[PDB]
Ligand SMILES: *[C@@H]1O[C@H](CO)[C@@H](O)[C@H](O)[C@H]1NC(C)=O
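In structure tokens:
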């Protein structure tokens with residue numbers, strides 16, 4: 012009958028890059044989901060396969076709180092059946108996704124005047140990600156028939172680029188913190204309720 | 006490092022055609038590849054994007070009529086055009102996008118034309134005169150492109166002006182070619198324009214007087 016550590020994910024001081032997203036595993040606790048959604052602090056709080064208000068009266072075997080940072084333009088892609096550089100090469104939601112996507116603008120916390128290049132995304136990859144695939148390989152992307160052997164140049168580029176977050180960027184070019192709550196099923200016993 | 010476009014030609018309105026883009030120096034399946042067309046005398050218009058991962062995007066003017074595909078071992082990018090219209094008449098390029106590093110490799114392209122037009126024949130009418138004087142030849146009502154206009158079978162070149170063709174209301178091209186010569190040499194020199202329209206098997210030598 013312990014309360015869930017949702018505060019530890021949502022209110023975490025530093026978040027992750029989107030290609031290297033986190034999976035805090037939630038287990039054995041009570042979650043007041045209605046405390047989270049009435050927060051009215053989110054520019055995006057869009058579930059799928061379940062209702063936000065009916066969520067309090069429910070249970071699951073495991074809740075997975077995935078959290079990362081992207082731009083506001085790409086928030087649309089944190090959804091089932093999306094394309095784009097984030098949806099394809101960084102974080103992919105299944106077409107049978109049954110959780111919630113939550114996002115809020117982070118330009119105050121996550122942007123430095125000289126430019127904050129701490130956050131990153133994956134720009135080059137030979138094929139799309141499987142659902143919930145995390146790819147942290149920094150291997151020089153090969154574009155030609157000629158292999159790279161860890162030496163940049165023509166047809167041989169670093170697979171990762173950097174977000175350029177400045178407080179004067181456009182609102183879409185601004186950083187948005189995303190938290191993705193994935194819900195499983197029963198058959199196996201449940202540990203998270205409300 | 007090349008991008009070689011094929012497939013372009015003439016299509017009636019409502020018909021379909023497929024363009025090819027043969028590559029060497031880059032491998033197509035690993036790259037972002039773009040189709041970008043250019044109508045005559047217009048600017049660059051983005052048409053079709055295709056991710057390394059196969060994700061596709063299309064511009065609204067061609068959404069539903071165009072399909073972008075590739076083929077790994079043949080290293081050839083394609084573009085299937087369906088239900089073609091007159092606006093799609095353009096030169097079509099394929100390029101390798103590096104997103105941040107822009108598009109660093111382009112192809113000279115293949116030309117696409119759309120029209121329920123036929124072929125007819127370029128009628129050559131004289132532009133006769135009556136310090137300096139001017140005479141010319143009016144090449145009118147031929148289609149499709151293009152025509153070659155020389156003067157005196159190539160001898161006279163100084164002062165020649167061959168105009169770019171204009172497309173008349175009938176769906177028919179037409180241009181003029183002129184030359185300024187000294188006003189005195191009107192009675193002594195013979196001026197004949199040489200016109201050739203290879204599509205319609207049409208060559209004409211018209212004397213201007
Ligand atoms: C984050 O901190 C604020 C300030 O104490 C609090 O009101 C809010 O509920 C916290 N968020 C979560 C998810 O606990």
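Chains as they are written, first to last, in our numbering: chain A, 12 to 205; chain B, 6 to 214.
Note that beta-carbon positions come from the ideal geometry of N, C-alpha and C, so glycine has one too.
- Listed in chain order, the non-local C-beta contacts of residue 156/B below 8 Å within the same chain comprise 162, 165, 182, 184, 196, 197, 198 and 199, local neighbours out to five positions each way being set aside.
- The beta carbon of residue 39/B sits closer than 6 Å to the beta carbons of 54, 100 and 102 from its chain, once the five residues preceding and following it are set aside; these are given in chain order.
- Assignment of beta-bridge partners to residue 11/B by DSSP yields 25/B.
- Within the region 16-43 of chain B, those residues whose Cβ lies closer than 7 Å to any Cβ of chain A are, in chain order, 30, 31, 32, 35 and 36.
- For residue 21/A and residue 175/A, the gap between their C-alpha atoms comes out near 23 Å.
- Scanning the region 60-102 of chain A from its first residue to its last, the whole beta strand (DSSP E) runs of 3-plus residues come out as 74-82.
- Within the DSSP secondary-structure output, residue 55/B pairs in a beta bridge with 38/B and 61/B.
- In this structure, residue 53/A has its beta carbon at no less than 7 Å from each heavy atom of ligand 1.
- For the 8 Å CB-CB criterion, residue 92/A and residue 85/A do not form a contact.
- For residue 22/A, the CB falls within less than 7 Å of some heavy atom of ligand 1.
- Contact with chain B is found for residue 138/A, since one of that chain's Cβ atoms lies less than 8 Å from the residue's Cβ.
- Residue 89/A has its alpha-carbon roughly 20 Å from the corresponding atom of residue 73/A.
- For residue 17/A, the distance from the CB to the nearest heavy atom of ligand 1 is below 7 Å.
- Here residue 122/B is not near residue 150/B, since their CB atoms are 8 Å or more apart.
- When secondary structure is reduced to three states using DSSP, residue 214/B falls in the coil class, being assigned neither helix nor strand.
- Annotation for residue 90/B: 18 and 119 place their beta carbon closer than 7 Å to its own, counting only its chain and skipping 5 residues before and after.
- Going by DSSP, residue 54/A is part of no alpha helix (DSSP H) at all; its letter is neither H nor E.
- Per DSSP, the continuous beta strand (DSSP E) segment holding residue 71/B begins and ends at 71-74.
- Closest option to residue 45/A, judged by alpha-carbon separation, among 35/A, 146/A and 56/A: 56/A.
- No Cβ of chain A is located within less than 8 Å of the beta carbon of residue 63/B.
- Interface with chain A (8 Å Cβ-Cβ cutoff): residue 74/B is excluded.
- Taking all protein chains shown into account, residue 147/A has fewer than 16 neighbouring C-beta atoms within 10 Å of its C-beta and is therefore exposed.
- When rounded, the separation of the alpha-carbon atoms in residue 111/B and residue 98/B is 7 Å.
- Contact annotation: residue 201/B and residue 167/B have beta-carbon atoms that are not nearer than 8 Å.
- Between residue 132/A and residue 101/A, the beta carbon gap of about 6 Å places them in contact (Cβ cut-off 8 Å).
- By the criterion of at least three beta-carbon pairs nearer than 8 Å, the region 27-46 of chain B is in contact with the region 149-158 of chain A.
- With a threshold of 16 other beta carbon atoms within 10 Å, residue 114/A meets it and is buried.
- Proximity of chain A to residue 105/B at the Cβ level (cut-off 8 Å) is accounted for by 134 and 172, in chain order.
- Proximity of the beta carbon of residue 171/A to ligand 1 is not indicated: no heavy atom of the ligand is located closer than 7 Å.
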